[PDB]
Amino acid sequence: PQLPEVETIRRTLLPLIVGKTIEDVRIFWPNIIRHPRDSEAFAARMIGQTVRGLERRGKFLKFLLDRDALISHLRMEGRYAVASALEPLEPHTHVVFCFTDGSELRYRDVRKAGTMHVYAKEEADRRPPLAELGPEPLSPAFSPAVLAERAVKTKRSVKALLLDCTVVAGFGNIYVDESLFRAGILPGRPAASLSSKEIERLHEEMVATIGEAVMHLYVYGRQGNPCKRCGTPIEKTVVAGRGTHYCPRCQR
């Protein structure tokens, strides 16, 4: 799930779990548990806590309990569902939080790729994976000024910059390509080569792109097809270890 989908999960899951008390935690794929590293400690500490809130930072969900916060990343295919303990689990269910009311919060992931970290709430923001996470793209904390400052200080491409989680939170590959297209900027441009005007335009398109989605595609996955603005075939390359899609006419 991308940031807007995670925001949707946050919004929709919260009412379904708030006020419920954990009675058991069952773990079927221990590698998902990153902190405490021992899955038995992870399970033991959450028993008896009540779910109080659900927040989002970038693509991370932060489940707020009584004492602890559970920090969860779904990666590409991770999903949560709330359902009855009396019914069979869905395939690829790796972690289940059992509530005292006979319902469960279940985490599935065919790719077994997601991560879970539990810390005391007051610690979560200064420990991995939230430590160092950049500002929310839709927040005033993500500004053209901030973007420009990171851009001048690096020798990396503008695409590599936008993919950097310390620059801006949870801005996935798809939105990087779409935003760069909308801003008219080639993904392989050195970040420091962007003019002030280009930085401001890129900021504006990043906000618009991810903002509209939180509320269809110009280039991402469209290689070999006509640009929707100029008709030039979309091209695909690799930039910063990601599939990279762009119009060589609209973007400069």
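The numbering used is simple: start at 1 and walk along the sequence shown.
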Residues with no coordinates between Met215 and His216 in the deposited sequence, how many: none, 1 to 3, 4 to 9, or 10 or more? 10 or more
If you average the Cα B factors in the entry, which is higher, 148-156 or 117-125? 148-156
According to the deposited model, is the average Cα temperature factor higher in 25-33 or in 188-196? 188-196
Among the choices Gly170, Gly102, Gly78, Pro140, identify the one whose CA B-factor in the record is greatest. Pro140
Compare the CA B factors listed in the entry for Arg201, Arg52, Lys59, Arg45 and report the winner. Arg201
Is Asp38 in the lowest, middle or highest third of its chain when residues are ranked by C-alpha B-factor? highest
Lowest, middle or highest third: which one holds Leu14 when the chain's residues are ordered by CA B-factor from the entry? middle
How does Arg242 rank on Cα B-factor within its chain, lowest, middle or highest third? highest
When the modelled residues of the chain are sorted by Cα temperature factor, does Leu64 land in the lowest, middle or highest third? lowest
Modelled-residue ranking by C-alpha temperature factor, third containing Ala208: highest
